[PDB]
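Report on one structure; see the data block that follows.
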Amino acid sequence: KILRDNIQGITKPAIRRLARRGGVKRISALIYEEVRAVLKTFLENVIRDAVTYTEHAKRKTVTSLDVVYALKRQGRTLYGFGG
Amino acid sequence: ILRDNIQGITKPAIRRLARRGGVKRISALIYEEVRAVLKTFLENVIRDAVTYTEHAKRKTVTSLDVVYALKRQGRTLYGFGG
Amino acid sequence: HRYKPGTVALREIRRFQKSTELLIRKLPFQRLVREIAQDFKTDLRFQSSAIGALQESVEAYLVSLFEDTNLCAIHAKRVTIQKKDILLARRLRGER
Amino acid sequence: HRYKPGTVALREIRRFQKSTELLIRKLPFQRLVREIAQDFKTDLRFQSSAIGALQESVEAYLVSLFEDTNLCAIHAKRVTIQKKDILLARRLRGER
Amino acid sequence: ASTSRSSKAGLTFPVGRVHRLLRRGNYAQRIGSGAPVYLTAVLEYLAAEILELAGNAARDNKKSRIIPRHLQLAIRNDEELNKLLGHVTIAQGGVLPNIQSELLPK
Amino acid sequence: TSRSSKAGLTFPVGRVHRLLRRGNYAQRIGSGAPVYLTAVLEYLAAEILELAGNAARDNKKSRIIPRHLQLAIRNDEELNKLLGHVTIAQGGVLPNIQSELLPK
Amino acid sequence: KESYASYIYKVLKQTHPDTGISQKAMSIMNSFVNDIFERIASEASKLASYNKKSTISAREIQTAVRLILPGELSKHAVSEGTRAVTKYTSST
Amino acid sequence: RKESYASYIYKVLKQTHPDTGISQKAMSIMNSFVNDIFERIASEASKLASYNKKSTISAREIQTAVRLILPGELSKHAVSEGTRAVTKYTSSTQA
DNA sequence: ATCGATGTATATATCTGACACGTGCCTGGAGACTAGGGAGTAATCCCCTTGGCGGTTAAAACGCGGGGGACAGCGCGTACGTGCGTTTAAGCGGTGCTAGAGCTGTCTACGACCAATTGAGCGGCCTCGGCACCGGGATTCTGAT
DNA sequence: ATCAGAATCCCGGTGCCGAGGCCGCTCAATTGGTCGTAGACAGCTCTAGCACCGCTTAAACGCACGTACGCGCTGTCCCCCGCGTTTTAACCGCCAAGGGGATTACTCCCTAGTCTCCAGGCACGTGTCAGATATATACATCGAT
């Protein structure tokens, strides 16, 4: 299958819960589109780096170490999955 | 020995710095905060430069030491070597 | 017995700040990751732990972004966060 | 006659944005640098180019900080920049 | 047979393994004798500090098992380690319970 | 006869190969790695100097000064992204005034 | 597949001999140790490269520790490192 | 003898702009920029080779590092320029 | 003040799966000997950093008037939070199968190393033209009318 | 719209000093040969990722409604700007000194490399107890009066 419209899968209550963890008390209605766009950009960057690492490794499965190295490359170091 | 040299950064100098930054109107309390920010940033950079100098058993701070310290701080300076 | 519009929101703020669990449902996030990765290389495969790491990083980044948005909304003597607040927060963080 | 209280500030803004000279007098900055270095090691010496590099870095950092302060002031529907604006600009940039 | 280099230095972390990692990590053509000992001591101190703060955090919460939440509390509560690990994300760590003052009632 | 002429480049292939051997990057180094690296460096230098020359021409000057490099880098989005955290000595800042400060 | 895990357990029991530690926390501790080791080693390698030296010794490691670690942590780590090096030198 | 790229940056400038000059401070800036990019690419390729348990830096590692470091248009053009140079070099060096 | 709703904390019991201990093995770390070269140390030189004098002028400090911008108060209306019934898909558990990660074996191309050659690149010297400084007219732009 | 004055732009002249070119030299890249080894490729195993079905139920969703907050407007007053006057110290140049940074040469001891061995640490296995869940419950807090 080819995917098309799964960015709407990040529902409004999910954004509301993420904002509640961040301390936001009251939310305006245009925030959701901006948050989805920010999510799209960040995931595209990280997925580009991880896919580049995988293609260099001659593999076809994105190993968690590839994602960890991709996060480390941009300075968003992540602990708990190796490396 | 030295005394109070953070006043050497006069008010017109901070005004000119804000003018380059595009600031049109400045409150009277900005200057002390800017001096504190300057004192902390210069403290960090000088600490790393003096550490690099002490490693080489030197007594003079060279431009290369400052450039390396700045590169370590994540802000890279071009045109002074290295 | 309707509560005032502050008090339930604060209860949720306390609940999710004492919690640790992932806030985004897993399958939609997996599908979004697949859709995004489809462009760079076809017929890819993903380890489960890789998607878990992706989701952890995304949630942490979005929580930090929302904290900064809240701070810059408080700066404007407001409580509601608007799109301009997110734009300013990203502009100051040094994101594009 | 007198210009209105906007106009001379704008002229200075254009003039100092068009030029590339250093804004801080060299001897005061030199003395400040030597005072700050006095706390880490006594009887230190400085090459002129090292102090010039320090001065260039300070100019760039302060200029960027004042730009961010101007944006976060304009966010609050203000022209004038207060201490709280600089505090917010430094807090969002991860310096506090 | 003879004593491990950690016992000679009086440390718990493996000095020899760190020496092998320094040799194989492509850092320099030569490696001094005291460099692995020094690095092992520093790593042991940092690990001991993190575990002390995590254990204190776990005892505060009346728990007897250190979990990532206690690591996040220990790191984000101490200023030195927060400066050291300011750009580090901890999985399953949560966030500090901080609420803005203006959002509180009254 | 030189490796740069063989590859059709002006940058020194041999010097880059020595620097890669002395930099402690790997135990062995392939033959085409220095050629690839010098090609990439030559392309980047050509792009930066072309933009700087255009900026200097717009200023009616024939010499490239740090101001021209600064303008060329900040006026190109991709190089600005590549050199976001880099500060250039004697470069100045982009002419940019917020519309809110402009008069009636 | 080697990891610091057993050594972390020993240190934990040496410090608080009544608390366990979850597997996720073990992975986090191992990753933190590896990250600090990598930072210190890279800084020491660059430092030795600047001074045209070809060996990593105690002094470069000490300077790298002073560079990465904040002031209190740097002072305490330096003190412990010099104590361990002195003990090893006396014992050899 | 102190080495730098300054004498090569001038040849590229004279090739792309036959009549434009350039000061000494711009030489320092361009040399610093070239050294910085060289060190970034080399360090990234070294880490890339270390991840895959290899001990050789080849054109593959340098190409992947270039793809990682440069923004998309620059990465594509640099990859094209590097692969063209490498294919021209291997075309000639035995024939 | 106050009580009812209500979510949240607290105390206890079953389980369960996840953590704490034992075992066998094998491979990575320790002792020993060798060479050799890298680093420590000592002398030298010169250049480049520090210190002082003087003037002079441009920049900083100070006083003062005022205007315009920050800020507090008020009204309003609308956008967002809360609750409830519905529906939708996320989650979990089992089962399938096959693609592909991972390990091992083999061998040949390829890169380290080493000695000889020489020509490319760097340091130094010289000069002239681009740019900067000065000066003066032209044009723009701002504010009061 | 107008007009005067202040600021800027432009145009030309003179100078000056730094960029461009030329030449000697030296040491670093090239070439040719040898040898070890590493990684490219084939092949085998067996793990786990993907796809599906079914049931359940909790989360999402749509809508109704009320009200708290963002935003626009108005008045006020205070405090920052802009300009004239006074002061001061930054800067340039010039000279003197000395000290320390870079260089070279000598030495010696410290580390890579190889070998031999053996014990510690790490998969596999196991068992048992702290915490998750469930349930009952207590308690403090929000809200309406």
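A note on labels: chains of the structure tokens are A, B, ... as shown, every chain counts residues from 1, and ligands are counted from 1 in their shown order.
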Please report, as JSON lines, each residue of chain H lying at most 12 Å from chain E, together with the nearest pair of atoms and the separation in Å rounded to one decimal; use only C-alpha atoms, and order rows by chain and ascending residue number.
{"residue": "H:43", "atom": "CA", "partner": "E:26", "partner_atom": "CA", "distance": 11.2}
{"residue": "H:46", "atom": "CA", "partner": "E:26", "partner_atom": "CA", "distance": 9.0}
{"residue": "H:47", "atom": "CA", "partner": "E:25", "partner_atom": "CA", "distance": 9.8}
{"residue": "H:49", "atom": "CA", "partner": "E:26", "partner_atom": "CA", "distance": 11.1}
{"residue": "H:50", "atom": "CA", "partner": "E:25", "partner_atom": "CA", "distance": 8.1}
{"residue": "H:51", "atom": "CA", "partner": "E:25", "partner_atom": "CA", "distance": 11.0}
{"residue": "H:53", "atom": "CA", "partner": "E:24", "partner_atom": "CA", "distance": 10.8}
{"residue": "H:54", "atom": "CA", "partner": "E:24", "partner_atom": "CA", "distance": 11.7}
{"residue": "H:55", "atom": "CA", "partner": "E:26", "partner_atom": "CA", "distance": 9.9}
Would you mind listing, for every residue of chain C within 10 Å of chain F, the two atoms forming the shortest contact and the distance between them in Å to one decimal, using only C-alpha atoms, sorted by chain and ascending residue number, as CSV?
residue,atom,partner,partner_atom,distance
C:94,CA,F:84,CA,8.8
C:95,CA,F:81,CA,9.7
C:96,CA,F:81,CA,8.4
Please produce a file of those selected residues containing N, CA, C and O atoms, as an mmCIF file, in the first residue's frame.
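Heads up, here's the output in part-v6.cif:
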data_model
loop_
_atom_site.group_PDB
_atom_site.id
_atom_site.type_symbol
_atom_site.label_atom_id
_atom_site.label_comp_id
_atom_site.auth_asym_id
_atom_site.auth_seq_id
_atom_site.Cartn_x
_atom_site.Cartn_y
_atom_site.Cartn_z
ATOM 1 N N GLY C 94 15.961 28.852 17.422
ATOM 2 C CA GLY C 94 16.907 28.796 16.329
ATOM 3 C C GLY C 94 16.647 27.728 15.294
ATOM 4 O O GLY C 94 17.528 27.473 14.465
ATOM 5 N N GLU C 95 15.450 27.155 15.352
ATOM 6 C CA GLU C 95 14.821 26.319 14.337
ATOM 7 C C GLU C 95 14.403 27.191 13.132
ATOM 8 O O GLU C 95 14.241 28.406 13.265
ATOM 9 N N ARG C 96 14.257 26.591 11.941
ATOM 10 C CA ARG C 96 13.896 27.295 10.694
ATOM 11 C C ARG C 96 12.406 27.636 10.633
ATOM 12 O O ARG C 96 12.066 28.836 10.690
#
Moved coordinates, chain C onto chain D, all Cα atoms, as a CSV table (one decimal) with N, CA and C atoms, in the first residue's frame:
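Produced file out.csv, reproduced below:
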chain,number,residue,atom,x,y,z
C,1,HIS,N,15.1,73.1,15.7
C,1,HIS,CA,14.7,72.0,14.8
C,1,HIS,C,14.9,70.6,15.4
C,2,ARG,N,14.2,70.3,16.5
C,2,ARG,CA,14.1,68.9,17.1
C,2,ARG,C,13.4,67.9,16.2
C,3,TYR,N,14.0,66.8,15.9
C,3,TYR,CA,13.4,65.7,15.2
C,3,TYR,C,12.4,64.9,16.1
C,4,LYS,N,11.4,64.2,15.6
C,4,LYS,CA,10.5,63.4,16.4
C,4,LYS,C,11.3,62.1,16.9
C,5,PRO,N,11.1,61.6,18.1
C,5,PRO,CA,11.8,60.6,18.8
C,5,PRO,C,12.1,59.2,18.0
C,6,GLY,N,11.3,59.0,16.9
C,6,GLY,CA,11.6,57.9,16.0
C,6,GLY,C,12.8,58.1,15.1
C,7,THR,N,12.9,59.2,14.4
C,7,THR,CA,13.6,59.4,13.2
C,7,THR,C,15.1,59.4,13.3
C,8,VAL,N,15.6,60.0,14.4
C,8,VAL,CA,17.1,59.8,14.7
C,8,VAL,C,17.4,58.4,15.1
C,9,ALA,N,16.6,57.7,15.9
C,9,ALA,CA,16.9,56.4,16.2
C,9,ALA,C,17.0,55.4,15.0
C,10,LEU,N,16.1,55.6,14.0
C,10,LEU,CA,16.1,54.8,12.8
C,10,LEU,C,17.3,55.2,11.9
C,11,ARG,N,17.7,56.4,12.0
C,11,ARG,CA,18.9,56.8,11.2
C,11,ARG,C,20.1,56.1,11.8
C,12,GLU,N,20.2,56.0,13.2
C,12,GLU,CA,21.3,55.3,13.8
C,12,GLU,C,21.2,53.8,13.5
C,13,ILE,N,20.0,53.2,13.4
C,13,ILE,CA,19.8,51.8,13.1
C,13,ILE,C,20.3,51.5,11.7
C,14,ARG,N,20.0,52.4,10.7
C,14,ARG,CA,20.5,52.3,9.3
C,14,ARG,C,22.0,52.4,9.3
C,15,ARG,N,22.6,53.4,10.0
C,15,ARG,CA,24.0,53.6,10.0
C,15,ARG,C,24.8,52.5,10.5
C,16,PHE,N,24.4,52.0,11.7
C,16,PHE,CA,25.2,50.8,12.3
C,16,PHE,C,24.8,49.5,11.7
C,17,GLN,N,23.7,49.4,10.9
C,17,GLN,CA,23.5,48.2,10.2
C,17,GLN,C,24.2,48.2,8.8
C,18,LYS,N,24.6,49.3,8.3
C,18,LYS,CA,25.5,49.4,7.1
C,18,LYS,C,26.9,49.4,7.5
C,19,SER,N,27.3,49.5,8.7
C,19,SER,CA,28.7,49.6,9.2
C,19,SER,C,29.2,48.2,9.6
C,20,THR,N,30.5,48.2,9.9
C,20,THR,CA,31.1,46.9,10.2
C,20,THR,C,32.1,47.0,11.4
C,21,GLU,N,32.6,48.2,11.7
C,21,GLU,CA,33.6,48.6,12.7
C,21,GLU,C,33.1,48.1,14.1
C,22,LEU,N,34.1,47.8,15.0
C,22,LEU,CA,33.8,47.5,16.4
C,22,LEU,C,33.2,48.6,17.2
C,23,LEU,N,32.2,48.4,17.9
C,23,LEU,CA,31.4,49.4,18.7
C,23,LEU,C,31.8,49.6,20.1
C,24,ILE,N,32.7,48.8,20.6
C,24,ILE,CA,33.2,48.9,22.0
C,24,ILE,C,34.6,49.4,22.0
C,25,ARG,N,34.9,50.5,22.8
C,25,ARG,CA,36.2,51.0,22.8
C,25,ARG,C,37.2,49.9,23.3
C,26,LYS,N,38.3,49.8,22.7
C,26,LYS,CA,39.2,48.6,22.8
C,26,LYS,C,39.9,48.6,24.2
C,27,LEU,N,40.4,49.7,24.7
C,27,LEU,CA,41.1,49.6,25.9
C,27,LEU,C,40.3,49.2,27.1
C,28,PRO,N,39.1,49.8,27.3
C,28,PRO,CA,38.2,49.3,28.4
C,28,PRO,C,37.9,47.8,28.3
C,29,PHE,N,37.7,47.3,27.1
C,29,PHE,CA,37.4,45.9,26.9
C,29,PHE,C,38.6,45.1,27.3
C,30,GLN,N,39.8,45.5,26.9
C,30,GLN,CA,41.1,44.8,27.3
C,30,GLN,C,41.2,44.8,28.8
C,31,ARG,N,40.9,45.9,29.5
C,31,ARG,CA,41.0,46.0,30.9
C,31,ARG,C,40.0,45.0,31.6
C,32,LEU,N,38.8,45.0,31.0
C,32,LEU,CA,37.8,44.1,31.6
C,32,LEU,C,38.2,42.6,31.4
C,33,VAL,N,38.8,42.3,30.2
C,33,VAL,CA,39.3,40.9,30.0
C,33,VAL,C,40.4,40.6,30.9
C,34,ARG,N,41.3,41.5,31.2
C,34,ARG,CA,42.4,41.3,32.1
C,34,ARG,C,41.8,41.1,33.5
C,35,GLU,N,40.8,41.9,34.0
C,35,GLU,CA,40.2,41.7,35.3
C,35,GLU,C,39.6,40.3,35.4
C,36,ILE,N,38.9,39.9,34.4
C,36,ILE,CA,38.2,38.6,34.4
C,36,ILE,C,39.2,37.5,34.5
C,37,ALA,N,40.3,37.6,33.6
C,37,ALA,CA,41.3,36.5,33.6
C,37,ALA,C,42.2,36.4,34.8
C,38,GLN,N,42.2,37.5,35.5
C,38,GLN,CA,43.1,37.6,36.8
C,38,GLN,C,42.7,36.5,37.8
C,39,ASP,N,41.4,36.2,37.8
C,39,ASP,CA,40.9,35.2,38.8
C,39,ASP,C,41.4,33.8,38.5
C,40,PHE,N,41.4,33.4,37.3
C,40,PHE,CA,41.7,32.0,37.0
C,40,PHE,C,43.2,31.7,37.1
C,41,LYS,N,44.0,32.7,36.6
C,41,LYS,CA,45.5,32.5,36.7
C,41,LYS,C,46.1,33.9,36.8
C,42,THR,N,47.1,34.0,37.6
C,42,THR,CA,47.8,35.3,37.8
C,42,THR,C,48.7,35.6,36.7
C,43,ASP,N,49.3,36.8,36.7
C,43,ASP,CA,50.3,37.3,35.7
C,43,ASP,C,50.2,36.6,34.4
C,44,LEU,N,49.0,36.7,33.7
C,44,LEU,CA,48.8,36.2,32.4
C,44,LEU,C,49.2,37.2,31.4
C,45,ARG,N,49.4,36.8,30.1
C,45,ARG,CA,49.7,37.7,29.0
C,45,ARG,C,48.7,37.4,27.9
C,46,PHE,N,48.3,38.3,27.1
C,46,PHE,CA,47.3,38.2,26.0
C,46,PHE,C,47.9,38.7,24.7
C,47,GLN,N,47.8,37.9,23.7
C,47,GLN,CA,48.1,38.3,22.3
C,47,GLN,C,47.0,39.3,21.9
C,48,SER,N,47.3,40.3,21.1
C,48,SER,CA,46.3,41.3,20.6
C,48,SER,C,45.2,40.6,19.8
C,49,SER,N,45.6,39.7,18.9
C,49,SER,CA,44.6,39.0,18.1
C,49,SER,C,43.6,38.2,19.0
C,50,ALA,N,44.1,37.7,20.1
C,50,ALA,CA,43.2,36.9,21.0
C,50,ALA,C,42.1,37.9,21.6
C,51,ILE,N,42.5,39.1,22.0
C,51,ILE,CA,41.5,40.0,22.5
C,51,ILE,C,40.6,40.5,21.4
C,52,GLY,N,41.1,40.6,20.1
C,52,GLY,CA,40.3,41.0,19.0
C,52,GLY,C,39.2,39.9,18.7
C,53,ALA,N,39.6,38.6,18.8
C,53,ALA,CA,38.7,37.6,18.6
C,53,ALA,C,37.6,37.6,19.7
C,54,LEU,N,38.1,37.8,21.0
C,54,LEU,CA,37.1,37.9,22.1
C,54,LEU,C,36.1,39.0,21.8
C,55,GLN,N,36.6,40.2,21.4
C,55,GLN,CA,35.7,41.3,21.2
C,55,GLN,C,34.7,41.0,20.0
C,56,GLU,N,35.2,40.4,19.0
C,56,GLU,CA,34.3,40.1,17.8
C,56,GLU,C,33.2,39.1,18.3
C,57,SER,N,33.6,38.1,19.1
C,57,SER,CA,32.6,37.1,19.5
C,57,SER,C,31.6,37.8,20.5
C,58,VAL,N,32.0,38.7,21.4
C,58,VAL,CA,31.1,39.3,22.3
C,58,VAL,C,30.2,40.2,21.5
C,59,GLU,N,30.7,41.0,20.5
C,59,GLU,CA,29.8,41.9,19.8
C,59,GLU,C,28.7,41.1,19.0
C,60,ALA,N,29.1,40.0,18.4
C,60,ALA,CA,28.2,39.2,17.7
C,60,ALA,C,27.1,38.6,18.6
C,61,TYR,N,27.6,38.1,19.8
C,61,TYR,CA,26.6,37.5,20.7
C,61,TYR,C,25.6,38.5,21.2
C,62,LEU,N,26.1,39.7,21.6
C,62,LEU,CA,25.3,40.8,22.1
C,62,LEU,C,24.3,41.3,21.0
C,63,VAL,N,24.7,41.3,19.7
C,63,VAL,CA,23.8,41.7,18.7
C,63,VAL,C,22.7,40.7,18.5
C,64,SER,N,23.1,39.4,18.5
C,64,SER,CA,22.0,38.4,18.4
C,64,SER,C,21.1,38.5,19.6
C,65,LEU,N,21.6,38.7,20.8
C,65,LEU,CA,20.7,38.8,22.0
C,65,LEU,C,19.8,40.0,21.9
C,66,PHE,N,20.3,41.1,21.4
C,66,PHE,CA,19.5,42.3,21.2
C,66,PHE,C,18.4,42.1,20.2
C,67,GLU,N,18.7,41.3,19.1
C,67,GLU,CA,17.7,41.0,18.1
C,67,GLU,C,16.6,40.2,18.7
C,68,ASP,N,16.9,39.2,19.5
C,68,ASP,CA,15.9,38.3,20.1
C,68,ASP,C,15.1,39.1,21.1
C,69,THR,N,15.8,40.0,21.9
C,69,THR,CA,15.1,40.9,22.8
C,69,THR,C,14.1,41.8,22.1
C,70,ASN,N,14.5,42.4,21.0
C,70,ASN,CA,13.6,43.2,20.2
C,70,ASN,C,12.4,42.4,19.7
C,71,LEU,N,12.6,41.1,19.2
C,71,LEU,CA,11.5,40.3,18.8
C,71,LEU,C,10.5,40.0,19.9
C,72,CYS,N,11.0,39.6,21.1
C,72,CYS,CA,10.1,39.3,22.1
C,72,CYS,C,9.5,40.6,22.8
C,73,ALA,N,10.1,41.8,22.5
C,73,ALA,CA,9.4,43.0,22.9
C,73,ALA,C,8.3,43.3,21.9
C,74,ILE,N,8.5,43.1,20.6
C,74,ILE,CA,7.5,43.3,19.6
C,74,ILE,C,6.3,42.3,19.8
C,75,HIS,N,6.6,41.1,20.3
C,75,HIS,CA,5.5,40.1,20.6
C,75,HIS,C,4.6,40.7,21.7
C,76,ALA,N,5.0,41.5,22.6
C,76,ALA,CA,4.2,42.1,23.6
C,76,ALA,C,3.6,43.4,23.2
C,77,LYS,N,3.5,43.7,21.9
C,77,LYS,CA,2.9,44.9,21.4
C,77,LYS,C,3.6,46.1,22.0
C,78,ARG,N,4.9,46.1,22.1
C,78,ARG,CA,5.7,47.2,22.7
C,78,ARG,C,6.8,47.5,21.7
C,79,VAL,N,7.5,48.6,22.0
C,79,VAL,CA,8.7,49.0,21.3
C,79,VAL,C,9.9,49.1,22.2
C,80,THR,N,9.7,49.6,23.4
C,80,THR,CA,10.8,49.6,24.4
C,80,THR,C,11.1,48.2,24.9
C,81,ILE,N,12.4,47.9,25.1
C,81,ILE,CA,12.8,46.6,25.6
C,81,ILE,C,13.1,46.7,27.1
C,82,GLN,N,12.5,45.8,27.9
C,82,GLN,CA,12.7,45.8,29.3
C,82,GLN,C,13.5,44.6,29.7
C,83,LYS,N,13.9,44.6,31.0
C,83,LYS,CA,14.8,43.5,31.5
C,83,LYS,C,14.1,42.2,31.4
C,84,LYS,N,12.7,42.2,31.6
C,84,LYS,CA,12.0,40.9,31.4
C,84,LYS,C,12.1,40.3,30.0
C,85,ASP,N,12.3,41.2,29.0
C,85,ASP,CA,12.4,40.7,27.7
C,85,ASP,C,13.8,40.0,27.5
C,86,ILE,N,14.9,40.5,28.1
C,86,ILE,CA,16.1,39.9,28.0
C,86,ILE,C,16.1,38.6,28.8
C,87,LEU,N,15.4,38.6,29.9
C,87,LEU,CA,15.3,37.3,30.7
C,87,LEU,C,14.6,36.3,29.9
C,88,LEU,N,13.5,36.6,29.3
C,88,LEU,CA,12.8,35.6,28.5
C,88,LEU,C,13.6,35.2,27.3
C,89,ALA,N,14.3,36.1,26.6
C,89,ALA,CA,15.1,35.7,25.5
C,89,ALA,C,16.2,34.7,25.9
C,90,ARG,N,16.9,34.9,27.0
C,90,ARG,CA,17.9,34.0,27.5
C,90,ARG,C,17.3,32.7,27.9
C,91,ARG,N,16.2,32.7,28.6
C,91,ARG,CA,15.5,31.5,29.0
C,91,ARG,C,15.1,30.7,27.8
C,92,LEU,N,14.6,31.3,26.7
C,92,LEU,CA,14.2,30.5,25.6
C,92,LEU,C,15.4,30.0,24.7
C,93,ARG,N,16.5,30.8,24.7
C,93,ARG,CA,17.7,30.4,24.0
C,93,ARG,C,18.3,29.2,24.7
C,94,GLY,N,18.1,29.0,26.0
C,94,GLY,CA,18.6,27.8,26.7
C,94,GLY,C,19.8,28.0,27.5
C,95,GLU,N,20.2,29.3,27.6
C,95,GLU,CA,21.2,29.8,28.5
C,95,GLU,C,20.7,29.8,30.0
C,96,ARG,N,21.6,29.7,31.0
C,96,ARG,CA,21.2,29.6,32.4
C,96,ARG,C,20.7,31.0,33.0
For chain J against chain A, which residues fall within 10 Å using only C-alpha atoms (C1' of nucleotides), given as a PyMOL selection string? chain J and resi 49+59-60
Write out the residues from the selection above, keeping C-alpha atoms (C1' of nucleotides), as a PDB file, in the first residue's frame.
ATOM      1  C1'  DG J  49       8.558  -8.200  11.205  1.00  0.00           C
ATOM      2  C1'  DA J  59     -10.906   7.033  23.422  1.00  0.00           C
ATOM      3  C1'  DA J  60     -12.379  10.228  19.896  1.00  0.00           C
TER       4       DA J  60
END
Distance query range 68-76 of chain G at most 8 Å, only C-alpha atoms (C1' of nucleotides), self and fewer than 5 positions along chain excluded, as a PyMOL selection string: (chain E and resi 80+83-84) or (chain G and resi 39-40)
Give me, as a tab-separated table, the closest atom pair and its distance (Å, one decimal) for every residue of chain F within a cut-off of 8 Å of chain I, counting only C-alpha atoms (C1' of nucleotides), rows sorted by chain and rising number.
residue	atom	partner	partner_atom	distance
F:28	CA	I:111	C1'	7.0
F:29	CA	I:111	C1'	7.5
F:30	CA	I:111	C1'	7.4
F:62	CA	I:130	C1'	7.7
Give the alpha helix (DSSP H) residues of chain B, as assigned by DSSP on the backbone, as number ranges by chain. B: 11-21, 30-55, 63-72
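Residue neighbourhood of range 8-14 of chain J, excluding near-sequence residues (fewer than 2 positions): residues 133, 134, 135, 136, 137, 138, 139, 140 and 141 of chain I; 6 and 16 of chain J, at 10 Å, using only C-alpha atoms (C1' of nucleotides).
Atom to atom, CA of residue 66 in chain A and CA of residue 28 in chain G stand 17.2 Å apart.
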Please provide the set of residues having any atom within 10 Å of residue 12 in chain G, restricted to only C-alpha atoms (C1' of nucleotides), with same-chain residues fewer than 4 positions apart removed, written as a PDB file with C-alpha atoms, in the first residue's frame.
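Output (part-v6.pdb):
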ATOM      1  CA  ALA E  47      28.249   6.883  38.106  1.00  0.00           C
ATOM      2  CA  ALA E  48      28.394   6.914  41.911  1.00  0.00           C
ATOM      3  CA  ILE E  50      24.110   9.660  39.672  1.00  0.00           C
ATOM      4  CA  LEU E  51      23.245   6.494  41.603  1.00  0.00           C
ATOM      5  CA  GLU E  52      23.411   8.322  44.957  1.00  0.00           C
ATOM      6  CA  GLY E  55      18.677   6.321  45.333  1.00  0.00           C
TER       7      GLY E  55
ATOM      8  CA  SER G   6      27.650  -5.479  36.299  1.00  0.00           C
ATOM      9  CA  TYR G   7      30.014  -2.685  37.472  1.00  0.00           C
ATOM     10  CA  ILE G   8      27.063  -0.305  37.901  1.00  0.00           C
ATOM     11  CA  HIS G  16      23.003   1.714  48.866  1.00  0.00           C
ATOM     12  CA  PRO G  17      23.050  -2.033  49.651  1.00  0.00           C
ATOM     13  CA  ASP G  18      19.233  -2.434  49.780  1.00  0.00           C
ATOM     14  CA  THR G  19      17.929  -0.938  46.454  1.00  0.00           C
ATOM     15  CA  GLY G  20      17.674  -2.772  43.138  1.00  0.00           C
ATOM     16  CA  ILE G  21      17.600  -1.155  39.717  1.00  0.00           C
TER      17      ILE G  21
END
Closest atom pairs, residues of chain J within 10 Å of chain D, only C-alpha atoms (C1' of nucleotides), as a tab-separated table:
residue	atom	partner	partner_atom	distance
J:4	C1'	D:1	CA	9.9
J:5	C1'	D:1	CA	7.9
J:6	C1'	D:1	CA	8.8
J:7	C1'	D:11	CA	9.3
J:80	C1'	D:5	CA	9.5
J:81	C1'	D:5	CA	5.9
J:82	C1'	D:5	CA	7.3
J:83	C1'	D:2	CA	8.4
J:90	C1'	D:27	CA	7.2
J:91	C1'	D:27	CA	9.2
